[PDB]
$ cat protein-v6.cif   # mmCIF, N, CA and C atoms and all ligand atoms
data_work
loop_
_atom_site.label_atom_id
_atom_site.label_comp_id
_atom_site.auth_asym_id
_atom_site.auth_seq_id
_atom_site.Cartn_x
_atom_site.Cartn_y
_atom_site.Cartn_z
N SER A 2 35.55 20.05 74.94
CA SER A 2 34.99 21.29 74.33
C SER A 2 33.49 21.19 73.86
N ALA A 3 32.54 21.25 74.81
CA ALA A 3 31.09 21.47 74.50
C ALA A 3 30.54 22.54 75.46
N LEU A 4 29.54 23.30 75.03
CA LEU A 4 28.82 24.18 75.95
C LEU A 4 27.88 23.32 76.83
N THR A 5 27.65 23.75 78.07
CA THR A 5 26.86 22.94 79.04
C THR A 5 25.40 23.32 78.98
N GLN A 6 24.55 22.31 78.82
CA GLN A 6 23.10 22.47 78.85
C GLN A 6 22.53 21.38 79.76
N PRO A 7 21.40 21.66 80.40
CA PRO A 7 20.74 20.58 81.17
C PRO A 7 20.32 19.46 80.21
N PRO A 8 20.45 18.19 80.57
CA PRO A 8 20.03 17.13 79.67
C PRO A 8 18.55 17.12 79.30
N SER A 9 17.72 17.58 80.22
CA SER A 9 16.30 17.59 80.01
C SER A 9 15.65 18.71 80.77
N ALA A 10 14.46 19.07 80.37
CA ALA A 10 13.67 20.09 81.02
C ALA A 10 12.19 19.87 80.66
N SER A 11 11.29 20.17 81.57
CA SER A 11 9.85 19.94 81.35
C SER A 11 9.11 21.19 81.75
N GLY A 12 7.91 21.29 81.18
CA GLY A 12 6.98 22.40 81.53
C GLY A 12 5.58 21.98 81.20
N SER A 13 4.65 22.65 81.84
CA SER A 13 3.28 22.41 81.56
C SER A 13 2.84 23.22 80.37
N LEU A 14 1.81 22.70 79.70
CA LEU A 14 1.22 23.44 78.56
C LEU A 14 0.83 24.82 78.97
N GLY A 15 1.20 25.81 78.16
CA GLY A 15 0.90 27.23 78.38
C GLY A 15 1.88 27.96 79.31
N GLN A 16 2.79 27.21 79.96
CA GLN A 16 3.74 27.76 80.85
C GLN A 16 5.04 28.03 80.11
N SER A 17 6.12 28.27 80.79
CA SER A 17 7.41 28.44 80.08
C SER A 17 8.45 27.40 80.47
N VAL A 18 9.42 27.21 79.60
CA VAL A 18 10.61 26.42 79.87
C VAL A 18 11.80 27.31 79.55
N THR A 19 12.77 27.33 80.44
CA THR A 19 14.01 27.99 80.11
C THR A 19 15.16 27.02 80.03
N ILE A 20 15.98 27.17 79.03
CA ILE A 20 17.12 26.21 78.79
C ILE A 20 18.41 27.05 78.83
N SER A 21 19.36 26.72 79.70
CA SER A 21 20.60 27.48 79.77
C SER A 21 21.69 26.81 78.90
N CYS A 22 22.66 27.65 78.56
CA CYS A 22 23.79 27.31 77.69
C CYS A 22 25.02 28.02 78.26
N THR A 23 25.84 27.27 78.98
CA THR A 23 26.98 27.88 79.73
C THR A 23 28.29 27.54 79.08
N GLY A 24 29.04 28.58 78.78
CA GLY A 24 30.37 28.46 78.30
C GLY A 24 31.34 29.23 79.13
N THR A 25 32.28 29.91 78.47
CA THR A 25 33.36 30.66 79.14
C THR A 25 33.42 32.06 78.57
N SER A 26 34.30 32.85 79.17
CA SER A 26 34.49 34.20 78.74
C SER A 26 35.09 34.27 77.32
N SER A 27 35.61 33.14 76.77
CA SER A 27 36.13 33.03 75.43
C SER A 27 35.12 32.67 74.36
N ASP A 28 33.89 32.36 74.75
CA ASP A 28 32.88 32.01 73.79
C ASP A 28 31.58 32.73 74.17
N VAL A 29 30.68 32.03 74.89
CA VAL A 29 29.36 32.58 75.24
C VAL A 29 29.51 33.91 75.86
N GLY A 30 30.43 34.06 76.80
CA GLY A 30 30.59 35.39 77.47
C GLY A 30 31.36 36.42 76.69
N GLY A 31 32.05 36.05 75.66
CA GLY A 31 32.92 36.96 74.93
C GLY A 31 32.32 37.59 73.69
N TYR A 32 31.17 37.09 73.20
CA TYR A 32 30.54 37.52 71.96
C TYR A 32 29.01 37.47 72.06
N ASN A 33 28.33 38.15 71.15
CA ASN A 33 26.83 38.09 71.14
C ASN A 33 26.45 37.23 69.91
N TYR A 34 27.02 36.03 69.84
CA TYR A 34 26.83 35.15 68.67
C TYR A 34 26.45 33.78 69.17
N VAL A 35 25.38 33.75 69.97
CA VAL A 35 24.75 32.50 70.43
C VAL A 35 23.52 32.20 69.56
N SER A 36 23.45 30.98 69.05
CA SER A 36 22.34 30.47 68.26
C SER A 36 21.67 29.30 68.97
N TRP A 37 20.40 29.09 68.64
CA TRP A 37 19.62 28.00 69.16
C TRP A 37 18.92 27.28 68.04
N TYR A 38 18.96 25.97 68.13
CA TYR A 38 18.35 25.04 67.15
C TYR A 38 17.35 24.12 67.82
N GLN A 39 16.25 23.84 67.15
CA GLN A 39 15.21 22.92 67.57
C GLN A 39 15.21 21.72 66.67
N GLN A 40 15.31 20.51 67.20
CA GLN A 40 15.31 19.30 66.38
C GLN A 40 14.30 18.28 66.89
N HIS A 41 13.25 18.05 66.11
CA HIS A 41 12.27 16.97 66.37
C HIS A 41 12.89 15.67 65.99
N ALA A 42 12.42 14.60 66.61
CA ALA A 42 13.08 13.31 66.47
C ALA A 42 13.03 12.86 64.99
N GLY A 43 14.21 12.54 64.43
CA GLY A 43 14.42 12.21 63.04
C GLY A 43 14.21 13.26 61.98
N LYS A 44 14.23 14.52 62.36
CA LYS A 44 13.99 15.60 61.44
C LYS A 44 15.23 16.46 61.47
N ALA A 45 15.34 17.32 60.49
CA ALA A 45 16.44 18.24 60.37
C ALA A 45 16.28 19.37 61.43
N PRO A 46 17.38 20.04 61.81
CA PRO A 46 17.30 21.10 62.83
C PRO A 46 16.78 22.37 62.24
N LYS A 47 15.98 23.09 63.00
CA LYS A 47 15.43 24.40 62.70
C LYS A 47 16.19 25.47 63.45
N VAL A 48 16.53 26.53 62.77
CA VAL A 48 17.18 27.68 63.38
C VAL A 48 16.06 28.50 64.04
N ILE A 49 16.13 28.61 65.38
CA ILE A 49 15.18 29.35 66.17
C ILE A 49 15.64 30.75 66.58
N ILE A 50 16.91 30.92 66.96
CA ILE A 50 17.48 32.15 67.43
C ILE A 50 18.89 32.21 66.90
N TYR A 51 19.33 33.41 66.56
CA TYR A 51 20.73 33.73 66.29
C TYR A 51 21.05 35.07 66.95
N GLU A 52 22.35 35.29 67.18
CA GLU A 52 22.86 36.53 67.80
C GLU A 52 22.09 36.81 69.08
N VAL A 53 21.99 35.74 69.90
CA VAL A 53 21.45 35.75 71.25
C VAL A 53 19.92 35.83 71.27
N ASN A 54 19.32 36.78 70.54
CA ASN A 54 17.88 36.98 70.59
C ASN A 54 17.31 37.57 69.32
N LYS A 55 17.84 37.15 68.16
CA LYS A 55 17.20 37.44 66.93
C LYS A 55 16.52 36.26 66.38
N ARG A 56 15.32 36.41 65.82
CA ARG A 56 14.58 35.30 65.23
C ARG A 56 14.53 35.37 63.75
N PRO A 57 14.83 34.24 63.09
CA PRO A 57 14.40 34.09 61.71
C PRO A 57 12.94 34.26 61.55
N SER A 58 12.52 34.57 60.31
CA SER A 58 11.10 34.53 60.01
C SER A 58 10.52 33.16 60.26
N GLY A 59 9.27 33.11 60.70
CA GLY A 59 8.57 31.95 61.03
C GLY A 59 8.72 31.37 62.43
N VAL A 60 9.57 32.02 63.23
CA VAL A 60 9.70 31.61 64.62
C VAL A 60 8.74 32.51 65.48
N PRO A 61 7.84 31.91 66.25
CA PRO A 61 6.88 32.64 67.04
C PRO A 61 7.50 33.51 68.10
N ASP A 62 6.76 34.57 68.44
CA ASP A 62 7.15 35.49 69.49
C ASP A 62 7.36 34.90 70.83
N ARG A 63 6.84 33.73 71.09
CA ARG A 63 7.04 33.05 72.32
C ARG A 63 8.37 32.41 72.54
N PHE A 64 9.26 32.45 71.55
CA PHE A 64 10.65 31.99 71.73
C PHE A 64 11.52 33.23 71.90
N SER A 65 12.32 33.26 72.93
CA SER A 65 13.18 34.43 73.15
C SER A 65 14.47 33.99 73.73
N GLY A 66 15.45 34.83 73.62
CA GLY A 66 16.79 34.60 74.18
C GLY A 66 17.23 35.70 75.14
N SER A 67 18.10 35.34 76.06
CA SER A 67 18.76 36.28 76.92
C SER A 67 20.18 35.81 77.18
N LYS A 68 21.01 36.71 77.73
CA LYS A 68 22.38 36.31 78.09
C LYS A 68 22.84 37.17 79.20
N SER A 69 23.55 36.58 80.14
CA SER A 69 24.20 37.30 81.22
C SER A 69 25.46 36.57 81.58
N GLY A 70 26.57 37.24 81.61
CA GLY A 70 27.83 36.57 81.89
C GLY A 70 28.11 35.46 80.87
N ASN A 71 28.52 34.31 81.38
CA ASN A 71 28.89 33.21 80.54
C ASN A 71 27.75 32.25 80.26
N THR A 72 26.52 32.66 80.54
CA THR A 72 25.35 31.82 80.31
C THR A 72 24.35 32.51 79.46
N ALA A 73 24.01 31.82 78.36
CA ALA A 73 22.90 32.28 77.51
C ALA A 73 21.72 31.37 77.78
N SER A 74 20.54 31.87 77.51
CA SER A 74 19.39 31.02 77.62
C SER A 74 18.35 31.23 76.57
N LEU A 75 17.59 30.18 76.35
CA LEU A 75 16.42 30.18 75.49
C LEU A 75 15.20 29.94 76.36
N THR A 76 14.20 30.79 76.21
CA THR A 76 12.87 30.56 76.89
C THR A 76 11.88 30.24 75.82
N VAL A 77 11.12 29.18 76.01
CA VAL A 77 9.94 28.87 75.21
C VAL A 77 8.72 29.11 76.08
N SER A 78 8.02 30.21 75.82
CA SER A 78 6.94 30.63 76.63
C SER A 78 5.64 30.15 75.94
N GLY A 79 4.59 30.05 76.70
CA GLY A 79 3.34 29.54 76.15
C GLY A 79 3.52 28.14 75.55
N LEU A 80 4.13 27.26 76.31
CA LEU A 80 4.53 25.96 75.82
C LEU A 80 3.38 25.23 75.11
N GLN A 81 3.67 24.73 73.93
CA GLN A 81 2.76 23.90 73.15
C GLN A 81 3.31 22.49 72.96
N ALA A 82 2.44 21.56 72.65
CA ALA A 82 2.85 20.19 72.34
C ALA A 82 3.94 20.05 71.26
N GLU A 83 3.86 20.90 70.26
CA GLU A 83 4.85 20.86 69.17
C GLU A 83 6.21 21.36 69.60
N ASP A 84 6.35 21.88 70.81
CA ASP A 84 7.60 22.43 71.27
C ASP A 84 8.44 21.29 71.90
N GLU A 85 7.87 20.13 72.11
CA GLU A 85 8.65 18.96 72.54
C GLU A 85 9.64 18.60 71.46
N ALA A 86 10.92 18.62 71.81
CA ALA A 86 12.05 18.48 70.85
C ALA A 86 13.32 18.55 71.59
N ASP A 87 14.45 18.26 70.93
CA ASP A 87 15.75 18.54 71.45
C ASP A 87 16.18 19.95 71.03
N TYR A 88 16.81 20.68 71.94
CA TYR A 88 17.30 22.01 71.65
C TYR A 88 18.76 22.13 71.89
N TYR A 89 19.46 22.75 70.96
CA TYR A 89 20.93 22.90 71.02
C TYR A 89 21.28 24.35 70.90
N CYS A 90 22.25 24.80 71.69
CA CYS A 90 22.89 26.11 71.46
C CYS A 90 24.24 25.96 70.75
N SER A 91 24.68 27.09 70.24
CA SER A 91 26.04 27.18 69.74
C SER A 91 26.56 28.57 70.00
N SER A 92 27.90 28.71 70.00
CA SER A 92 28.51 30.01 70.11
C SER A 92 29.66 30.12 69.16
N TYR A 93 29.86 31.29 68.57
CA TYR A 93 31.32 31.70 68.25
C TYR A 93 32.35 31.52 69.39
N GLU A 94 33.56 31.06 69.03
CA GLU A 94 34.61 30.92 70.09
C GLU A 94 35.95 31.50 69.65
N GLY A 95 35.87 32.45 68.73
CA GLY A 95 37.04 33.13 68.19
C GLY A 95 37.61 32.38 66.99
N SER A 96 38.51 33.06 66.26
CA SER A 96 39.22 32.49 65.04
C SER A 96 38.35 31.60 64.08
N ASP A 97 37.23 32.19 63.59
CA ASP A 97 36.29 31.56 62.65
C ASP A 97 35.89 30.13 63.09
N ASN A 98 35.73 29.95 64.39
CA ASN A 98 35.35 28.66 65.00
C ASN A 98 34.09 28.81 65.85
N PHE A 99 33.31 27.73 65.88
CA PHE A 99 32.05 27.59 66.71
C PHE A 99 32.00 26.31 67.54
N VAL A 100 31.31 26.42 68.66
CA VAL A 100 31.18 25.34 69.58
C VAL A 100 29.72 25.10 69.94
N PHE A 101 29.30 23.87 70.09
CA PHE A 101 27.92 23.50 70.31
C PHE A 101 27.73 23.00 71.72
N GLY A 102 26.52 23.22 72.22
CA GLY A 102 26.08 22.56 73.43
C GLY A 102 25.69 21.12 73.29
N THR A 103 25.52 20.46 74.43
CA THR A 103 25.25 19.05 74.45
C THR A 103 23.78 18.66 74.27
N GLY A 104 22.88 19.66 74.24
CA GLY A 104 21.52 19.44 73.97
C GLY A 104 20.59 19.30 75.16
N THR A 105 19.34 19.74 75.00
CA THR A 105 18.35 19.56 76.09
C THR A 105 17.13 18.96 75.47
N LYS A 106 16.58 17.89 76.01
CA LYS A 106 15.32 17.37 75.60
C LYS A 106 14.21 18.01 76.40
N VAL A 107 13.32 18.74 75.75
CA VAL A 107 12.16 19.39 76.35
C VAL A 107 10.94 18.55 76.20
N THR A 108 10.29 18.27 77.34
CA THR A 108 9.00 17.52 77.35
C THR A 108 7.92 18.37 77.99
N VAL A 109 6.69 18.08 77.58
CA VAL A 109 5.54 18.76 78.10
C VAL A 109 4.89 17.84 79.17
N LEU A 110 4.58 18.41 80.34
CA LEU A 110 4.00 17.61 81.42
C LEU A 110 2.58 17.18 81.09
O1 LIG B 1 16.05 33.06 57.54
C1 LIG B 1 16.95 33.43 58.33
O2 LIG B 1 16.87 34.52 58.94
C2 LIG B 1 18.12 32.54 58.58
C3 LIG B 1 19.04 32.81 59.56
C4 LIG B 1 20.06 32.00 59.82
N1 LIG B 1 20.94 32.32 60.84
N2 LIG B 1 21.93 31.54 60.94
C5 LIG B 1 22.82 31.88 61.90
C6 LIG B 1 23.39 30.96 62.69
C7 LIG B 1 24.32 31.44 63.66
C8 LIG B 1 24.66 32.83 63.86
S1 LIG B 1 25.57 33.42 65.12
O3 LIG B 1 24.69 33.61 66.44
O4 LIG B 1 26.66 32.49 65.23
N3 LIG B 1 26.08 34.87 64.64
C9 LIG B 1 27.15 35.13 63.85
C10 LIG B 1 27.17 36.42 63.33
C11 LIG B 1 28.18 36.82 62.45
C12 LIG B 1 29.16 35.92 62.15
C13 LIG B 1 29.10 34.64 62.67
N4 LIG B 1 28.11 34.23 63.51
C14 LIG B 1 24.07 33.72 62.99
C15 LIG B 1 23.16 33.24 62.02
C16 LIG B 1 20.30 30.91 59.05
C17 LIG B 1 19.42 30.65 57.98
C18 LIG B 1 18.33 31.43 57.69
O5 LIG B 1 17.39 31.22 56.72
#

$ encode --input "protein-v6.cif" --output "structure tokens"
Amino acid sequence: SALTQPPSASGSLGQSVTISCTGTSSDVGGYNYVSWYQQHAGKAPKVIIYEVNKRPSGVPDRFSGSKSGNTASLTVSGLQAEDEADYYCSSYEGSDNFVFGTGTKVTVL
């Protein structure tokens, strides 16, 4: 029981990176309650997106979410050096329960 994410992804500075988060019709595909977290090495996780494509305050406009079917995604557009980090998704999966993805390490070329 984990959501599927690519282990790693790279992009050039100023370009975009997209990270997918694939589950099933019982979680990612069944609800609009996908969240994304950014974690720099040895630091606490930052909430970047909730409810598929809502941003907390302080998250730049260049981070966005989308979802189609059983796959949600996070795009980091206008890639900056500080965007190098591990990124995790999560979903609601029914009955007051949540499930996390396995994480993607994003590097800048
Ligand atoms: O500042 C904020 O906006 C802020 C927002 C935060 N959002 N946290 C989350 C984390 C996950 C979700 S979610 O995509 O799972 N959505 C939901 C929605 C309703 C019930 C359960 N889950 C929803 C909100 C958490 C802390 C904060 O400070």

$ atom_distance --input "protein-v6.cif" --atom1 "atom CA of residue 95 of chain A" --atom2 "atom CA of residue 75 of chain A"
22.1 Å

$ residues_near_ligand --input "protein-v6.cif" --ligand "ligand LIG 1 (chain B)" --cutoff "7 Å" --atoms "only N, CA and C atoms and all ligand atoms" --output "JSON, numbers by chain"
{"A": [33, 34, 35, 36, 37, 48, 50, 51, 52, 53, 56, 57, 58, 91, 92, 93]}

$ atom_distance --input "protein-v6.cif" --atom1 "atom CA of residue 47 of chain A" --atom2 "atom N of residue 67 of chain A"
17.5 Å

$ atom_distance --input "protein-v6.cif" --atom1 "atom C of residue 14 of chain A" --atom2 "atom CA of residue 104 of chain A"
22.0 Å

$ select_by_dssp --input "protein-v6.cif" --residues "segment 2-52 of chain A" --states "strand (DSSP E or B)" --output "list in words"
residues 4, 5, 9, 10, 11, 12, 18, 19, 20, 21, 22, 23, 35, 36, 37, 38, 39, 40, 47, 48, 49, 50 and 51 of chain A

$ write_last_selection --input "protein-v6.cif" --atoms "N, CA and C atoms" --output "mmCIF file, in the frame of the given file"
data_model
loop_
_atom_site.group_PDB
_atom_site.id
_atom_site.type_symbol
_atom_site.label_atom_id
_atom_site.label_comp_id
_atom_site.auth_asym_id
_atom_site.auth_seq_id
_atom_site.Cartn_x
_atom_site.Cartn_y
_atom_site.Cartn_z
ATOM 1 N N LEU A 4 29.540 23.300 75.030
ATOM 2 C CA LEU A 4 28.820 24.180 75.950
ATOM 3 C C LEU A 4 27.880 23.320 76.830
ATOM 4 N N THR A 5 27.650 23.750 78.070
ATOM 5 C CA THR A 5 26.860 22.940 79.040
ATOM 6 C C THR A 5 25.400 23.320 78.980
ATOM 7 N N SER A 9 17.720 17.580 80.220
ATOM 8 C CA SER A 9 16.300 17.590 80.010
ATOM 9 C C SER A 9 15.650 18.710 80.770
ATOM 10 N N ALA A 10 14.460 19.070 80.370
ATOM 11 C CA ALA A 10 13.670 20.090 81.020
ATOM 12 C C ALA A 10 12.190 19.870 80.660
ATOM 13 N N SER A 11 11.290 20.170 81.570
ATOM 14 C CA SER A 11 9.850 19.940 81.350
ATOM 15 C C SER A 11 9.110 21.190 81.750
ATOM 16 N N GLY A 12 7.910 21.290 81.180
ATOM 17 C CA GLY A 12 6.980 22.400 81.530
ATOM 18 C C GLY A 12 5.580 21.980 81.200
ATOM 19 N N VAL A 18 9.420 27.210 79.600
ATOM 20 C CA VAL A 18 10.610 26.420 79.870
ATOM 21 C C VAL A 18 11.800 27.310 79.550
ATOM 22 N N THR A 19 12.770 27.330 80.440
ATOM 23 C CA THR A 19 14.010 27.990 80.110
ATOM 24 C C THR A 19 15.160 27.020 80.030
ATOM 25 N N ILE A 20 15.980 27.170 79.030
ATOM 26 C CA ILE A 20 17.120 26.210 78.790
ATOM 27 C C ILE A 20 18.410 27.050 78.830
ATOM 28 N N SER A 21 19.360 26.720 79.700
ATOM 29 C CA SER A 21 20.600 27.480 79.770
ATOM 30 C C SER A 21 21.690 26.810 78.900
ATOM 31 N N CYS A 22 22.660 27.650 78.560
ATOM 32 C CA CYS A 22 23.790 27.310 77.690
ATOM 33 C C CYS A 22 25.020 28.020 78.260
ATOM 34 N N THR A 23 25.840 27.270 78.980
ATOM 35 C CA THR A 23 26.980 27.880 79.730
ATOM 36 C C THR A 23 28.290 27.540 79.080
ATOM 37 N N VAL A 35 25.380 33.750 69.970
ATOM 38 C CA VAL A 35 24.750 32.500 70.430
ATOM 39 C C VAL A 35 23.520 32.200 69.560
ATOM 40 N N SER A 36 23.450 30.980 69.050
ATOM 41 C CA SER A 36 22.340 30.470 68.260
ATOM 42 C C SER A 36 21.670 29.300 68.970
ATOM 43 N N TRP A 37 20.400 29.090 68.640
ATOM 44 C CA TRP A 37 19.620 28.000 69.160
ATOM 45 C C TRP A 37 18.920 27.280 68.040
ATOM 46 N N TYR A 38 18.960 25.970 68.130
ATOM 47 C CA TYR A 38 18.350 25.040 67.150
ATOM 48 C C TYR A 38 17.350 24.120 67.820
ATOM 49 N N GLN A 39 16.250 23.840 67.150
ATOM 50 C CA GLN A 39 15.210 22.920 67.570
ATOM 51 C C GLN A 39 15.210 21.720 66.670
ATOM 52 N N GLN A 40 15.310 20.510 67.200
ATOM 53 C CA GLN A 40 15.310 19.300 66.380
ATOM 54 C C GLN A 40 14.300 18.280 66.890
ATOM 55 N N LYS A 47 15.980 23.090 63.000
ATOM 56 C CA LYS A 47 15.430 24.400 62.700
ATOM 57 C C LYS A 47 16.190 25.470 63.450
ATOM 58 N N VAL A 48 16.530 26.530 62.770
ATOM 59 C CA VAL A 48 17.180 27.680 63.380
ATOM 60 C C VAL A 48 16.060 28.500 64.040
ATOM 61 N N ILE A 49 16.130 28.610 65.380
ATOM 62 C CA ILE A 49 15.180 29.350 66.170
ATOM 63 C C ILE A 49 15.640 30.750 66.580
ATOM 64 N N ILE A 50 16.910 30.920 66.960
ATOM 65 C CA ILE A 50 17.480 32.150 67.430
ATOM 66 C C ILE A 50 18.890 32.210 66.900
ATOM 67 N N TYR A 51 19.330 33.410 66.560
ATOM 68 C CA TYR A 51 20.730 33.730 66.290
ATOM 69 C C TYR A 51 21.050 35.070 66.950
#

$ closest_residue --input "protein-v6.cif" --among "A:60, A:86, A:3, A:73" --to "residue 109 of chain A" --atoms "only C-alpha atoms"
A:86

$ closest_residue --input "protein-v6.cif" --among "A:23, A:103, A:40, A:54" --to "residue 8 of chain A" --atoms "all atoms listed in the file"
A:103

$ closest_residue --input "protein-v6.cif" --among "A:59, A:107, A:17, A:89" --to "residue 76 of chain A" --atoms "all atoms listed in the file"
A:17

$ residues_near_point --input "protein-v6.cif" --point "(7.5, 25.0, 66.7)" --cutoff "7 Å" --atoms "all atoms listed in the file" --output "list in words"
residues 61, 83 and 84 of chain A

$ closest_residue --input "protein-v6.cif" --among "A:85, A:16, A:38, A:66" --to "residue 108 of chain A" --atoms "all atoms listed in the file"
A:85

$ residues_near_point --input "protein-v6.cif" --point "(32.8, 23.5, 68.9)" --cutoff "7 Å" --atoms "all atoms listed in the file" --output "list in words"
residues 2, 3, 4, 98, 99, 100 and 101 of chain A

$ closest_residue --input "protein-v6.cif" --among "A:13, A:20, A:62, A:88" --to "residue 41 of chain A" --atoms "only N, CA and C atoms"
A:88

$ axis_aligned_box --input "protein-v6.cif" --around "segment 103-106 of chain A" --padding-each-side "8 Å" --output "JSON"
{"center_x": 19.9, "center_y": 18.9, "center_z": 75.2, "size_x": 27.3, "size_y": 19.1, "size_z": 18.4}

$ closest_residue --input "protein-v6.cif" --among "A:87, A:44, A:21, A:5" --to "residue 74 of chain A" --atoms "all atoms listed in the file"
A:21

$ residues_around --input "protein-v6.cif" --residues "residue 71 of chain A" --least-positions-apart "5" --cutoff "6 Å" --atoms "only C-alpha atoms" --output "list in words"
residues 23, 24, 25, 26, 29 and 30 of chain A

$ decode --input "protein-v6.cif" --residues "segment 9-25 of chain A" --atoms "N, CA, C and O atoms" --output "short mmCIF file (atom, residue, chain, number, x, y, z; two decimals), in the first residue's frame"
data_model
loop_
_atom_site.label_atom_id
_atom_site.label_comp_id
_atom_site.auth_asym_id
_atom_site.auth_seq_id
_atom_site.Cartn_x
_atom_site.Cartn_y
_atom_site.Cartn_z
N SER A 9 13.08 9.40 -9.37
CA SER A 9 13.81 10.60 -9.60
C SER A 9 13.31 11.30 -10.83
O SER A 9 12.64 10.71 -11.69
N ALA A 10 13.61 12.57 -10.94
CA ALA A 10 13.25 13.38 -12.09
C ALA A 10 14.20 14.60 -12.14
O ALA A 10 14.71 15.00 -11.15
N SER A 11 14.54 15.05 -13.33
CA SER A 11 15.49 16.17 -13.49
C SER A 11 14.88 17.16 -14.46
O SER A 11 14.11 16.84 -15.36
N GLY A 12 15.39 18.38 -14.35
CA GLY A 12 15.00 19.47 -15.28
C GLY A 12 16.08 20.52 -15.29
O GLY A 12 16.90 20.61 -14.40
N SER A 13 16.09 21.28 -16.35
CA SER A 13 17.00 22.37 -16.44
C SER A 13 16.43 23.58 -15.75
O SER A 13 15.21 23.82 -15.70
N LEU A 14 17.36 24.44 -15.29
CA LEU A 14 16.93 25.71 -14.67
C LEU A 14 16.04 26.47 -15.59
O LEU A 14 16.39 26.60 -16.80
N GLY A 15 14.93 26.97 -15.05
CA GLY A 15 13.92 27.76 -15.79
C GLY A 15 12.89 26.94 -16.55
O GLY A 15 11.91 27.51 -17.05
N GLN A 16 13.09 25.61 -16.63
CA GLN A 16 12.21 24.74 -17.32
C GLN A 16 11.20 24.15 -16.35
O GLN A 16 11.02 24.69 -15.31
N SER A 17 10.49 23.13 -16.71
CA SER A 17 9.58 22.49 -15.73
C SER A 17 9.93 21.04 -15.45
O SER A 17 10.57 20.42 -16.26
N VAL A 18 9.46 20.56 -14.31
CA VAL A 18 9.51 19.15 -13.94
C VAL A 18 8.09 18.75 -13.58
O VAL A 18 7.45 19.46 -12.83
N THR A 19 7.64 17.62 -14.10
CA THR A 19 6.38 17.10 -13.63
C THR A 19 6.57 15.79 -12.91
O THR A 19 7.25 14.93 -13.43
N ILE A 20 5.89 15.63 -11.81
CA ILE A 20 6.04 14.40 -10.95
C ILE A 20 4.65 13.75 -10.86
O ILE A 20 3.68 14.38 -10.34
N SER A 21 4.51 12.49 -11.24
CA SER A 21 3.21 11.83 -11.18
C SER A 21 3.08 11.04 -9.86
O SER A 21 4.06 10.63 -9.21
N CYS A 22 1.82 10.79 -9.52
CA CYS A 22 1.40 10.12 -8.28
C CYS A 22 0.21 9.24 -8.66
O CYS A 22 -0.90 9.72 -8.85
N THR A 23 0.46 7.95 -8.82
CA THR A 23 -0.58 7.02 -9.34
C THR A 23 -1.08 6.12 -8.25
O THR A 23 -0.31 5.43 -7.53
N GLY A 24 -2.38 6.12 -8.08
CA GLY A 24 -3.06 5.23 -7.21
C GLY A 24 -4.13 4.47 -7.91
O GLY A 24 -3.97 4.05 -9.06
N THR A 25 -5.28 4.32 -7.24
CA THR A 25 -6.42 3.52 -7.75
C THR A 25 -7.68 4.36 -7.65
O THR A 25 -7.71 5.47 -7.08
#
